[PDB]
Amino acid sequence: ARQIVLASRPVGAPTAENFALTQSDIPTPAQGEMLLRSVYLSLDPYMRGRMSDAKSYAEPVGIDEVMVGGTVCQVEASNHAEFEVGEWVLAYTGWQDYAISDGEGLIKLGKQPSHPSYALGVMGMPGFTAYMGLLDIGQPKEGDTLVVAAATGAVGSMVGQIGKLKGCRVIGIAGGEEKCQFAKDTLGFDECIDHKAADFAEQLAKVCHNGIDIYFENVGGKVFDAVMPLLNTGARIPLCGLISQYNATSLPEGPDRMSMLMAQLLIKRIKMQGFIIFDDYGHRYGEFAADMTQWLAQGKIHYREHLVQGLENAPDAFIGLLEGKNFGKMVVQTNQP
């Protein structure tokens, strides 16, 4: 197997120097285990945090160890378990060609699943994140105003479309005119505001004439600063991500606003709740899968995928992913099936 290992921990934004490409002898499938060969590899913003050694919900990637991530693989070794040579499976083998496994995969067998790569997006972790965060924490009611940034991304597009079918007025936030116009034309968003526009806060306040009832937080920073004075009484904030600060080297200057945010949550009676989808939500995944399969069949969910070819290109893609260079859920094709 070839491999993308972490050469050095990045300073600010990650560079191509922080990664390295290396071959390794990948055999020993053994008895009781299996050898998986990857076809697709997901790239996700959380991986940035895994490059830094700051105290976090998970262990950082060790120097010269494989970079982590969910993959869609095929079995190529006779598993002694209940999986055959050919069964497609959603695994977590990282940025490499081969790995050895023995639970807990998810059979998409195979070897003829319809859209196996969808297991990394709309039917996988990002769609599940959007589903759970919006429905269980945001708890949308008819007439609620829903605002989400990174609106054409893996999680944001799903948040917006689910909110639309749940009776929300959905205000998107994205970077650049093309993404906002795609969010309106194809994803069904009522509005979509360019956060790169100089008068972004004023545009947001203008289209949010009735306030914000749910803010699905994906970005933080300037976007949340513009959102705060528009929050309604009883608003809900599913705290999903804060990508605007993933490359931050220090805290912003100026006076400490922590007590200010706490006073706002108190005065406006707001629920702000962080969540990590990788926690045990096994009791909800079946409901999510049934609902999302139905909504996809009904034509209420458009899933945009950004497929880039070549595992050797996986670093650069990831870097671009952090700057909004992606259009949709970023996936790298590592091998032909």
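Residues carry their position along the shown sequence, with the first being 1.
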{"item": "Average Cα temperature factor in the PDB entry - higher stretch of 266-274, 308-316", "value": "308-316"}
{"item": "Residue range whose averaged C-alpha B-factor is higher in the record, 144-152 or 103-111", "value": "103-111"}
{"item": "Out of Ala289, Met51, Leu43, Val39, highest CA B-factor residue", "value": "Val39"}
{"item": "Residue with maximal Cα B-factor (values as given in the PDB entry) among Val85, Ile243, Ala248, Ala201", "value": "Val85"}
{"item": "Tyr98 - Cα temperature factor, lowest/middle/highest third of chain", "value": "highest"}
{"item": "Assigned third (lowest, middle, highest) for the C-alpha B factor of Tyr118", "value": "middle"}
{"item": "Chain-wide C-alpha B factor ranking for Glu76, given as lowest, middle or highest third", "value": "highest"}
{"item": "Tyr285 by Cα B-factor - lowest, middle or highest third of the modelled chain", "value": "middle"}
{"item": "Third of the chain, ranked by Cα B-factor, where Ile26 sits", "value": "highest"}
